[PDB]
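Below you will find one chain, with nothing else, as structure tokens; this is the form deposited in one PDB entry, and questions on how it binds or moves follow later.
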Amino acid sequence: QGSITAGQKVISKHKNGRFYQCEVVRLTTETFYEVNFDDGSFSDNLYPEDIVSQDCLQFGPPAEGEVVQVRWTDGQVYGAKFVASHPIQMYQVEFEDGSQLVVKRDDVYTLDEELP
């Protein structure tokens, strides 16, 4: 939703799990990758760097259906096939303590609106 802009005071969840006032420092795009692992399990939230069979950061996303190897969150490598890439509008926010998160549109609230 286009209603949130850089420099806006908003309310979002700090890393401590509670809602505080923070400030949007930057609007950014994060590209997510979707793959089918060789066992048929599906992942929708890989980062391009997690493809270890080719350099997607340099050359962009694989061809749909292309065989890939994936470094998973457990440090391990797995066979898979590339499905699709999805760019996502993210909001980099800073709290009064100076901590920063990069959160989705649904994770931020204006000062006028009821939580949650």
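Sequential numbering from 1, following the sequence displayed.
Keep in mind that the form solved in complex with a partner chain is not shown, yet the notes after this line are about it.
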Subject >> 4.5 angstroms heavy atom contact with its partner chain in the entry with it bound for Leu46 >> reply: yes
Original post:
Just to confirm, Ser53 within 4.5 Å of its partner chain in the entry with it bound by heavy atoms?
Top reply: no
Subject >> Contact of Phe59 with its partner chain in the entry with it bound (heavy atom, 4.5 Å) >> reply: no
**OP:** Please run the contact check for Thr28 against its partner chain in the entry with it bound: heavy atoms, 4.5 angstroms, yes or no?
**Re:** no
